[PDB]
Each structure stands twice: as structure tokens, then as C-alpha cells.
Amino acid sequence: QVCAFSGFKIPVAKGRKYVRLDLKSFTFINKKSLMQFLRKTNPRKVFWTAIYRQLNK
Amino acid sequence: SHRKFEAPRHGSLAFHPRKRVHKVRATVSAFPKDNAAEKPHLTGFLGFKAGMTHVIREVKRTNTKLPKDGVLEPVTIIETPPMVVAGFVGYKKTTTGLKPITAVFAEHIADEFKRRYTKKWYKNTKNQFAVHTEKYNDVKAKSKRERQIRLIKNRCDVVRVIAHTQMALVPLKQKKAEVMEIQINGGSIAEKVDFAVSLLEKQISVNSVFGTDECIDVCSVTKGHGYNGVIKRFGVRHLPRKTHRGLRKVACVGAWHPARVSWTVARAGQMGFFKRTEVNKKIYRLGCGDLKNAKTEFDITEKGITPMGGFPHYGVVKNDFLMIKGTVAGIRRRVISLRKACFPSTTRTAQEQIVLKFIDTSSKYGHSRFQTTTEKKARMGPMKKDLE
Amino acid sequence: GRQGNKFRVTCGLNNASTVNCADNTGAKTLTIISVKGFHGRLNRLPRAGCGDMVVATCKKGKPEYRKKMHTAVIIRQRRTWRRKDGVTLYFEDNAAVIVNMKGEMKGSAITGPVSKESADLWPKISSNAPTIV
RNA sequence: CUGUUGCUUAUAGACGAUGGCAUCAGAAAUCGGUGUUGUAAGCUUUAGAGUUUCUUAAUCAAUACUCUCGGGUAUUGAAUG
RNA sequence: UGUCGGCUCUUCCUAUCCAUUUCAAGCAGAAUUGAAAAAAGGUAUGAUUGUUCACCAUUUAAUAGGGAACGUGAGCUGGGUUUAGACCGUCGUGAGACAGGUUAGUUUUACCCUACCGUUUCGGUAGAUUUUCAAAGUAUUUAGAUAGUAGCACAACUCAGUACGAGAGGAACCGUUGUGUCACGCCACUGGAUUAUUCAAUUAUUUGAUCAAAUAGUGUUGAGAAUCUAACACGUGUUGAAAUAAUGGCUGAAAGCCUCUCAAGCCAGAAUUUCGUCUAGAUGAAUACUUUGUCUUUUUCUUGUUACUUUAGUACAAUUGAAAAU
RNA sequence: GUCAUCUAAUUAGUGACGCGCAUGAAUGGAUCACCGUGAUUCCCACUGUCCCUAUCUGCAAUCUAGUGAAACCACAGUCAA
RNA sequence: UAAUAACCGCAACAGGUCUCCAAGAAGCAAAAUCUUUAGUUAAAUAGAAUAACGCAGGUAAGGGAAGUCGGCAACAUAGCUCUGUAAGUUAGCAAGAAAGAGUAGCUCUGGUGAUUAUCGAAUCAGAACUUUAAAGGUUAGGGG
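- Method of structure determination, per the deposited record: cryo-EM was used for this entry, reaching 3 Å resolution.

## Describing the protein's contact with RNA strand D
Logical step 1: The full set close to RNA strand D counts 49 residues, and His22(B), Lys120(B), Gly224(B), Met383(B) and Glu388(B) are the nearest of them.
Logical step 2: Take the atoms of RNA strand D that sit within 4 Å of the protein: sugar and phosphate atoms are 77% of them.
Logical step 3: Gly226(B) has a polar backbone atom sitting 3.0 Å from a phosphate oxygen of RNA strand D.
Logical step 4: Interatomic distance of 2.8 Å between a side-chain N/O atom of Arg333(B) and a phosphate oxygen of RNA strand D.
Logical step 5: Elements with a minimum of two residues in the surface near RNA strand D: helix 2 (52-55) of chain A together with strand 10 (226-228) and helix 7 (373-380) of chain B.
Logical step 6: A per-element tally of the surface near RNA strand D places helix 7 of chain B first, with 4 residues.
Logical step 7: Split into classes, the residues belonging to the surface near RNA strand D amount to 13 nonpolar, 17 polar and 19 charged.

## Some words on the pattern of salt bridges
Residues and elements named next belong to chain B.
Logical step 1: As enumerated under the stated definition, the model contains 20 salt bridges over all chains in all.
Logical step 2: When the shortest N-O distance is used, the salt bridge between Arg57 and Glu73 registers 3.3 Å. Here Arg57, found in strand 2 (residues 44-58), pairs with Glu73, found in strand 3 (residues 71-79); they are 16 residues apart in sequence, far enough to count as distant. Residue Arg57 shares its accessibility class with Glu73, and that shared class is buried.
Logical step 3: Of the charged contacts, one joins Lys60 and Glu58 as a salt bridge, the two residues approaching to 3.6 Å between their closest N and O atoms.
Logical step 4: The network of salt bridges with shared partners includes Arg57, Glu73, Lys325 and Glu352.

## Quick word on the sheet that holds strand 1 (residues 18-21) of chain C
Residue and element names in this part refer to chain C.
Logical step 1: Here we have 5 strands rolled up into a closed barrel, ordered 1-2-3-4-7, and mixed in their pairing. Averaged over all pairs of adjacent strands, the angle between strand axes in this sheet comes to 55°, irrespective of strand direction.
Logical step 2: Relative to strand 2 (residues 27-35), strand 1 is paired through 3 bridges, and the arrangement is antiparallel. Residue pairing across strands places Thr18 opposite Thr31, the latter belonging to strand 2.

## Concerning the interface of chain B and chain C
Logical step 1: On the side of chain C, 8 residues touch chain B, which itself brings 11 residues to the contact.
Logical step 2: Buried area between chain B and chain C, both sides added, is near 750 Å², and the carbon and sulfur share of it is 64%.
Logical step 3: Counting every contact that joins chain B to chain C gives 0 salt bridges.
Logical step 4: Linking chain B with chain C are 1 residue pair in polar contact, by the criterion used here.

## What to know about the environment of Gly211(B)
Residue and element names in this part refer to chain B.
Logical step 1: On the secondary structure map, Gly211 appears in the loop between helix 5 (206-209) and strand 9 (215-221).
Logical step 2: You can call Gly211 partly exposed: its relative accessible area is 29%.
Logical step 3: For the pair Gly211 and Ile300, spaced 89 residues apart in sequence, the C-alpha to C-alpha distance is 24 Å.
Logical step 4: Those residues in contact with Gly211 that sit more than four places away from it in its chain are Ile283 and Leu286.

## Let's talk about the pairing of strand 3 of chain B
Residue and element names in this part refer to chain B.
Logical step 1: Of all 9 residues that make up strand 3, 7 are buried, and the element is covered over most of its length.
Logical step 2: Bridge analysis of strand 2 against strand 3 gives 9 bridges, and the strand direction is antiparallel. Across the sheet, the residue bridging to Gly51 is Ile77, located in strand 3.
Logical step 3: Pairing of strand 3 with strand 13 (residues 321-325), which is carried by 5 bridges, proceeds in the antiparallel orientation. The residue of strand 13 that forms the bridge with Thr76 is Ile324.

## Things to note about the interface of chain C and chain A
Accessible area lost upon the coming together of the parts serves often as the stated size of an interface.
Logical step 1: With 14 residues of chain C in contact, the opposing surface of chain A contributes 10 residues.
Logical step 2: Taking both sides of the interface into account, the surface hidden between chain C and chain A amounts to around 1200 Å²; carbon and sulfur atoms contribute 64%.
Logical step 3: Scanning the region where chain C abuts chain A turns up 0 salt bridges.
Logical step 4: Counting every contact that joins chain C to chain A gives 6 residue pairs in polar contact.
Logical step 5: Counting residues per element, the side of chain C that touches chain A draws most heavily on strand 6 (residues 88-90) of chain C, which supplies 3 residues.
Logical step 6: Grouping the constituent residues of the side of chain C that touches chain A by class yields 6 nonpolar, 5 polar and 3 charged.

## Remarks on the protein's contact with RNA strand G
Logical step 1: Residues in close proximity to RNA strand G total 20 residues, the closest being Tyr227(B), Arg241(B), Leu247(B), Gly12(C) and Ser17(C).
Logical step 2: When atoms of RNA strand G within 4 Å of the protein are split into backbone and base, the sugar-phosphate part holds 73%.
Logical step 3: In the environment of RNA strand G, a base oxygen lies 3.1 Å from a nitrogen or oxygen atom belonging to the side chain of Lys242(B).
Logical step 4: Residue composition of the surface near RNA strand G, grouped by class: 4 nonpolar, 9 polar and 7 charged.

## Here we look at the sheet that holds strand 2 (residues 25-28) of chain A
The strands that make up a sheet pair up through hydrogen bonds in the backbone, lying either parallel or antiparallel.
Logical step 1: One open sheet accounts for 4 strands, arranged 2(A)-1(A)-6(C)-5(C); its pairing is mixed. Since the sheet does not close on itself, it has two edges, and those belong to strand 2 of chain A together with strand 5 (81-82) of chain C, each with one partner.
Logical step 2: Pairing of strand 1 (residues 16-19) of chain A with strand 6 of chain C involves 3 bridges; the strand directions are parallel. Bridged to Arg16(A) within strand 6 of chain C is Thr88(C).

## Comments concerning the nonpolar core
Logical step 1: By size, the foremost hydrophobic cluster in this structure holds 62 residues, and its most contacted members are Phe88(B) and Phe210(B).
Logical step 2: Considering each element in turn, this core owes the most residues, 5 residues, to strand 2 of chain B.

## Let's talk about a positive patch on the surface
Logical step 1: A cluster of like positive charges, contributed by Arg237(B), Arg8(C), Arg41(C), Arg44(C), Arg47(C) and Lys84(C), occupies part of the molecular surface.
Logical step 2: In this fold, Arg41(C) is placed in the loop between strand 2 and strand 3 (53-61).
Logical step 3: Note on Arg41(C): relative accessible area 32%, which makes it partly exposed.

## Some words on the environment of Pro130(C)
Residue and element names in this part refer to chain C.
Logical step 1: As for its placement among the helices and strands, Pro130 is situated in the loop between helix 2 (123-128) and strand 9 (131-132).
Logical step 2: Along the chain, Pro130 and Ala56 lie 74 residues apart, while their C-alpha atoms are 24 Å from each other.
Logical step 3: Excluding its chain neighbours within four sequence positions, the residues that come into contact with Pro130 are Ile110 and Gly112.

Rules and cut-offs
- For every chain, the first residue of the written sequence is numbered 1 and the count continues from 1 onward along that sequence, whatever numbering the entry uses; residues with no coordinates are hidden.
- Chain letters and ligand numbers both follow the written order, the letters beginning at A and the numbers at 1.
- For clarity, the chains displayed are a part of a larger assembly, and the values are limited to that part.
- Hydrogen atoms and water are omitted, and side-chain values are computed over all heavy atoms in the structure.
- Definition of nearness: a residue and a molecule or strand are near each other if at least one heavy atom of the residue lies within 4 Å of the molecule or strand.
- Under this definition, polar contacts are N or O atom pairs within 3.5 Å; protein pairs additionally need one hydrogen-donor-capable and one acceptor-capable atom, and for neighbouring residues in sequence, both atoms have to be side-chain atoms.
- Secondary structure elements are defined from DSSP: runs of H or I of at least 4 residues count as helices, runs of E of at least 2 residues count as strands, and each element is numbered from the N terminus.
- Three residue categories are used. Nonpolar comprises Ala, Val, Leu, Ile, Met, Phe, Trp, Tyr, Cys and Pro, charged comprises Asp, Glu, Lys and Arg, and polar comprises the others, including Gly.
- We define a salt bridge as a contact between a side-chain nitrogen of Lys or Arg and a carboxyl oxygen of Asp or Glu at a distance within 4 Å.
- Only protein chains enter the area calculation, which uses a 1.4 Å probe; residues under 20% of their type maximum are buried, those over 50% are exposed, and those in between are partly exposed.
- At least two DSSP bridges between two strands are required for those strands to pair.
- All axes are obtained by fitting lines to C-alpha atoms, using only the stretch in contact for helices, and the reported angles, taken between N-to-C directions, cover 0 to 180 degrees.
- Two residues qualify as a contact provided that any one of their heavy atoms is within 4.5 Å of a heavy atom in the partner residue.
- Summed over both partners, the accessible area lost on bringing two parts together, with a 1.4 Å probe, is the buried area.
- We call a set of buried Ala, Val, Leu, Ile, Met, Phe, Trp, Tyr and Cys residues a nonpolar core when their side-chain atoms join them within 4.5 Å.
- Patch membership is restricted to residues that have no salt bridge and whose relative accessible area is over 30%. Joining uses 9 Å for like charges and 5 Å for the nonpolar side chains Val, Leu, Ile, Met, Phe, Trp and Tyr.
- Surface accessibility in these figures is a Shrake-Rupley result with a 1.4 Å probe; residues are shielded only by whichever protein chains are displayed.
- Charge counting treats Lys and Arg as positive and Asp and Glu as negative, with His and both chain ends excluded.
- Working definition for charges: the position is that of NZ of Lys, CZ of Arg, CG of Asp or CD of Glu.

Right, here's the structure in full:
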């Protein structure tokens, strides 16, 4: 399992899963990522995300 | 008039009165019933609660709908370094219960055991067991000891070994040891004393007492909370918002005419430092020797049972330990008295084998991600410090 | 009509809770009246989790369904609940479908995903369920 | 022997009590670990819509790039030394 | 002697609604009906009404009936009733009347003794002298007269579409797996609080500007460790032995037969009783060290205790006390 | 009261019926547009009112130094019959 | 003195008592909030600990009045601009009905005058760019 927003490797028995009505489910590592996901925040503009560290460098 | 509606009473009267204990260690009020058709063995131990973690375990029970990939369970870690046996006592069955007859002690006694017989050690003369040790080998004293051994074999029915911990092996600041009387359940009283004598000055490990996948009982003192109200002490209903003079109280503390408040009414008072015995506790991992680590047959990383940054408020576990399924009474660093089950559990879940797939050693502070501190440095890679 | 047992699901739906009707049987929303199999306690309100049969009324729908008491099964809920394998999950809305006592579904379609707790309990729901999450 | 007292003492606590240590006591910083937030201040990418002025010479310019997985915090009821 | 009801809470009664054990039926099964033991455990959510009451819609194994100054106002509320304002209807010449209706109407004090809940302080239990002993002090390990007591209930699978029944219908014993509640805990995982005014951003005012802050009694917002906590997370109470109640039986007289016994003697049989287990706990016991060895009182030092100090007085080893059972 | 309606469910509300215990015409009768810190019912939204409680801050309460009252009081203060 | 200590209330009582002079920010505003000149830091005592029950101010998962005599209490809407606005009606109103959209920062452009190119007024409209997408720190209607 890899966090939908942060892109971090989710440890076992940790994190929450969010299931939307469009049949797509996302699993998150903490409430910090889930809150930013719900605000339509681009993970490529957040410096500490694993996705940002791949696009750059 | 009768109460309009019925409900179960709040609180349990099986624990009234709720008097807080005085000593941190809790003594088992019983031992498993003796069987005389088995080899003598020890029926108890004593460990210090370190903390709690969670493990993923594989279900071995049949006819159950639990997931095949593993079930998440909480486990308590109880560090149990080896004990030192420093004497034994015989008990006799009289018409006023057990009465100790004699207590034969070893020749050499550790300073940890001596501290129990004083209150201001740093001012004491520290001459405990001095006369006992200096005259141990005299014929007058040797003859007396042989009489004490012979007295127990003739007029005693219960033998218990006086074993104490070694506080140098634990991160606690206390130096005085914790003394526990562990009964010997086994053959005739003749070979119980023979078995007891062989144990003098020797060290006993927790593996010699408890086996693998064994259900046990735990006796300890619960976490203290001080003075408390009836809502937390007894769980009564909170009064409506409109109430004059406060919400969190029992409205009626008795009828008019028993003319006195009954002992059964919920009253405010002390909650906390109470002695509780919990039965039927499964042992998951017997952390002795090979199983002293946190690795599993599935997750093969060599990691210590201590999480990153140590157990909160406890430190680092570096001795033998036990994994207990679930929660035990008492906060970290509390002394835990262990004992074999008085009524063994024959349920299919109690006899079930335990096979762990994963043990969580991530940090217990915050929302941690990594298991070992090496794999944290691997994922994050080099940082500004160290590289500059 | 239910098949087998159900594990512990933290019931997040109270009495008088309005849920959507993912069915196609002309009922828009349902409000929970009672929960079948609920064991009473003083001052407690009936509770329903995923896969729980309920007794509900329709306050918005076609005239042949409105202002009547129906039997519904909870298929998803916004209340976070934990599976026995350490998976913590919750949906986007509370929804239910109308089924009778025998369990046979009145409608023939379900919109959105269906919880595994409700699907395994009632075989007829899983057959009409698009996805089972 | 026990009590007072000290550690502005804890696994305890309204106050007493209870638990620990008391010169190998204790405390304190600093260091490493472990967490929280999200990339400090200075200079640089004309980053940069335009304006302005010398008239490609500058300016001023929200925001943005590199130094920077940065900086700050972290027992106070966290763990080593 | 604060006069209705409701809310909160404990306890008691059984004339038992459910669960447990039994007998009977016009009891084939299922579902029911009559009755016995048994009061240890449970007995709900709402629309209308101030209502007790009632009547409806559900849920449940069941949604039983009552008492405690018609339990419970220095526990609450003030909806009703039951002062003073006002309106209507009927009555009265009138002031005014109305268990007729309507609307607005201050709910005071515990710091006292006891009860209850928790919590300290001081005092303390008598006949033993094998010096390997005996007693006093301090500390630990234990002990357990007594008091309380906790686990229940439901569901799913299999038995089984089987027994039974013409068919329709349609169980149960063992076993296994869960759920609910109650009780005791607990902080790993998930969630909540958050003055670490932690980190970041930002509105207004003031530091000449940047930096860094302060002020708006916690300015506000996002994330937020710790600690606490969940009806929101999760563990344990699936636990053994004997004797019983109602009842069904064995042998067996009275009464040559019969009979479970208003006879002697036995067995099986409960959510039962008692051991076992859990909590508090009195008098106690063992060991370690310090003493002392015929004894006491008044003084006296100490935070306090023991030994200890002084002046006396007092006794000095040697015939006591056991059959058991009927 | 009876009939409709509002609700899953209506001693409540609204609209009808009227031999009305005991309505009724300046003791004014009927009708309300605006207005009302007036009385009543129902919807939407929102929320610790509630399921069911958790937690944060300030001030006290607790203890101590100084200071320091009052109501009340036959004598007092354990229960069962 | 003219009052949170000189006045009336038993008092150095949070009650009451007639007037004059009156700065900056911000905003429609003599509003809330912060500061300048002036005044004061004491105005019925403090220190330690950080228990229950309180008084005052708050927040909360899922549900959303199921609580209760009764939405009591709290929550919620809230400024300005543009569009749009029902039945009913004494034709005046209802009406801010209900309902929907916009709002920040930075860099610019145009309109609204006076004197014969210079001088000045805050106000309105428009356009690119950027961001944490903007009335809401304070003040600030719940609707049918």
C-alpha cells in the first residue's frame, strides 16, 4: 500500500482508506495527507511529498 | 414507588471497597491447585511491564471466517530478567490456614535482597544476614539447618522458594529488589525440599517456568487516577444542562426511610491504584534465547524488540521478555506478578498455536513510518548534516 | 434471510438518520426508525452498521413508496470502521437498499460500491452490486 | 532503628499517605536517536504581468528557482550517553 | 414535616414477563395452555398529553406487577396545580363566584453531628523457656475469622428439510463460530480535545524600512507531538468439584400384596448452595538485625521506640492433669 | 366530539359539520393587509439538547503565612424490631 | 472633591447623580480593536500544588431535536456589488422576501475638474499576472 497523496509506503496496520462514489478507493498514511487530499491540493506542489521529490531531482 | 424503568446497576460490588493498595508489587492470593503426580516445578514469576505494540498473526483455528492474511492484535511486552533464589519456606496446614514453619536461607545474599529489610539504607549499618553468613559453616549452625530441612519434610505441606529480581538488569532507578514467593507444585514433600535445596543461590529463567503458547494469569496494580467523581468512578448518567449546582453527580443518594445512605450508592473517592488479577492470558512469544529478537519467519529483518527511540517512559529492553495477547493492569515500569492458570482454559482458541507474521517496532511517538532506524536512513538518504 | 455471522462493525447510523437509497425503486431517501435484532438499553437509540437490516420510512420518493415503512439494508456508511485484518476504511455517504424479510432485493440495481460486510451477509445484494469494497 | 529533611522526587498524590535514590546522590547543559511543522535569514533563476527611466540601463514588482529532506521545535509526564 | 409529574439512583416484595430445571394437556412435530422449584441476572425506542393513566408505530428472549413519608425539590425542572395582571363563557342588580377554559408569574441556606465514600494519626491482644531456646523493638515475606461477589443473553453453521406428520409444515442433544450488554482494565493500532500561545500562514495597530516580535484578556486558520480518553480503539470474565430444591427413580416395610419414604437407607436432577477463583480485611506466623534472660512502677531523653542509667525491694531445680469407640 | 389532512405513529395544529352545557351583533359581530422582546403548530438549515461523553484554559475550591465572621444550639448524636 | 475613595445609599459599597473642552489608524460610522498628550500600575492579601464538584470562555468522530412541557441553551446567517424576487394587499407595502453569482495581492489602463501644458478630488469601471482562491481579526440579519 502506497499513500494516495504523500506517496509514502504505508506501514502495515496503519492509515485509513477513503472510498468514493465513483468506485475509486484511496488509502492514506495519516490525517495530514487525507486533509490535503480533500482540499484538492496538488501533491506536486507540496515539497515533502514523495511525488514532488521524483519530478524534481 | 417503584422506579419507572429498569437498568443494570452502575459499578461492581465485587470490588467494594475501592481502597488503594500500599505496595506496588501485588501478591497472588492463590496458586494453581497442587498435583502430586508430576515432577516439581515453579508456578510463578515476576516481570516489569515495558510497553505495548501490535503484531500481525496467522490464524490456525479451523471453521473460522478470519482473514487468511493475518489478524491485527495488541500485545504487551513484559521484560523478565532471570531471578535469583535466596531461600525457601515450608508451610503447614492448621485450623487457621497455612502457617509457615521455617525459612531456610542461602549462604550468600545479594545487596539487592538486603535492602528490603531497612528503610534508610544510606544510613544503615547494612549488617543484614551478616551473622547468618559469618556463622554459616559452623557445626552448631549446620546442625540447625539440617534440623530445619528435616522439620519441613515431616510436618509441612507447602513449599515456596523466596526468589528476588536483579535490579541492575533493568532501566529502573530502584535498586532494592522485588521479592516473590513462588510455590513448588509437584511430587511428595520429600522431593519438593530436595528440588528446593538444589535451587539455592541458582538463577531461574522464565522459560523454565512457562512454556510456549501457554495461558497464564497476571496480577498487578492498576494505573492511579487520584480523587475522582461518580461519572468516572461508576459511569452514572450526566444530569441535564439545566441543573442547578452542577451536572456530574448522582441526583438521589437514597430513599427517605432506610434513613441512611446505603453502601451501594455511587460516591466520589479514589480510583486508580487497585490490585486486579486477570486470568486466561495467552503467551505469544517466549522471548528467550533464539526468540529474543523481533524477527519472524516471514519478516526476516533482524530488529530488537525495542521500538525506535525506546519504549516511551521506559527505555530499552535488553533481557528476556514475554509477549502477552492484549492488555494487562498497570502502566509501564509496573511490577507484574505472573502465575500458571488455576483453571486452565480448554477452549479451541486457548489451545491454538501462535504463528506471528509481523511485529511492529516503529516509533511509538507520532505517526511513524519506518521499522528500523537503518531503513529510515536508507529511504531518506543523506541529509544536510553529516554531508556538510 | 441473512447468511452467516458478521464481525463487529461500529454502528454509525442512529435512529432518525437519513440515508440515500441506492436502489432504483423510486425512493430517494430513508430515515431509520428501528434496527432489527437491536437489543435495548435505557435511553439508548437504535444503532445500525454496514450490513444491518433496518426498519425505515421514506420521506422523499414516489407516492407508492413515500409515507410508508420499509425494510432496508445498510450497504455503506460515513462512519470509520475497522476490519479484523487491520484495515481502517469509510465511505463517502450513508446508503441503503430496500429488501424484504427473506432478503430478496426489491430492485435490480445498486449505484456505487457496496461494503463486503453487507455483500457477504446477503447474497442477493452482492449479485446486484457493481463493486464490493 | 524510625521520623523530619533533600532530589522545587516518581510508577503516587486534595493534605497526609504511598513508591524510589540519597556522594558511585542528584541536577544540568551539549551530542546522537526519536517525533512535529513544511523549505529560515543573505545573496541568485532578467523566473516574473507591466511600469519607469537612461533608452538592451537600470529600476520597482505579487509570486517562483538553487543553496534547502531546509530552518525552528522536541519532556514539559520521551529514550541514550 | 415544602403539596403532582418527569429526570437521576440504590434497595426491597413475588401474586414470574424472559432465560434455567420439572410435571400435565383434548401435548404427533411446530406453536401454545395449566402448574411446581427459583427473585442470583434482565425487562427498550418514540408521536399526542403537565399528566399517573391511556392509545398508537416499532424493536426485543421479555419489553411483568408493586413498595420504600402515594422513595427521591439545602438532588434538578416548574410543564400542572395553588396568591397578586389580563381575556372569554355561564351565574350575580353589584362588589364578585366557577375541581370551566386561556396567557404571564423570584424555587433561599450545609461551613454543624451522624450515614455513606475515600484518607491520616496514636494505641494495642498471654502464658513458651531444648541458648539450634524464649520474649521485646524495626523491616520484609506471608496468613485469612469476617464482608462483598459477576457474568448473562441472543444469533449463525452442523445435526436437517432429518425425527414426527396423509400432506402442509417441521424441531432438539453434542460440537463450532460470532454479536450485544454488564464488570474489570488498558494506550499499541483508528478517532477526539490540545496555552508544548510547537511549526507555518495571515487581518488590524505599533516598532523609520527588512529581520524579529508584541498587542486584539488564547486575534484567527491549517497541520499538530505529549498527556488524557472512546458510548468511536482493544483485551479478560467459555472455569473446575461436591451436595441440593421442585421432580423422576432404586431397594423396601407399615398393610404376607402394593408403594420413591406424612418410614429407616440410596441415586439422578436448577440461571441453586457450598468449596475452588476474585476484592477489602482482624487476631496472627516465619525469617533478618538489635537486644535481653526473675520481675514492676513513678520519673525521665528522643520526632518516637527499644536496649540503656540510678536507689531500692522481691524469688531462687526437682511428687501437677490423657485410653479410644459405642 | 365526528370527517379530512399533517406524522411510521397525533389528548397537539390546520380545514370542514353544528339543537352551540353556556356564541352572537358599539358588554360591538365578521374580516388582517402592515406592525409585535405577545400565544400556537409545522418545514429547511445548524448544532453536545441527546445516543454518550471526552477534553482545554482562567478564577476559586485543596495546603500554607497574616487576618478572620454568621445562621443555628434542651442534652446529644451507630442500627433492627 | 465633583466621584471604581471627598456627593446619596450605615462603608474606600461593581448601585445612583446635571454639564464643558475632545488626537492618530481603520471603517459608512462619535461602532468593535490598537496607539498619542494626560492619568495610573493601586485600587476588600499573597505563595505552593495543579484532586473531585463548581462559576466564566471553548472544541469534537458518526448521527442530527431521537432530549425536553417547549430547539431552553448553544450552533448557524451576517459587510458591500450585480442579477432576481411570490402569494397577499388599505395599492402605500410585503422586501434586505425567497434564490444565485462576485470580493485577495501585485503591475497597469480609462472616466468624472480648475487655469491658460501645469495643478488637484477620492471615487467608479476595466485588463493581464500570482497565490494559501480572498467580507468575516473586530463589527456583522437564520429563513419559510
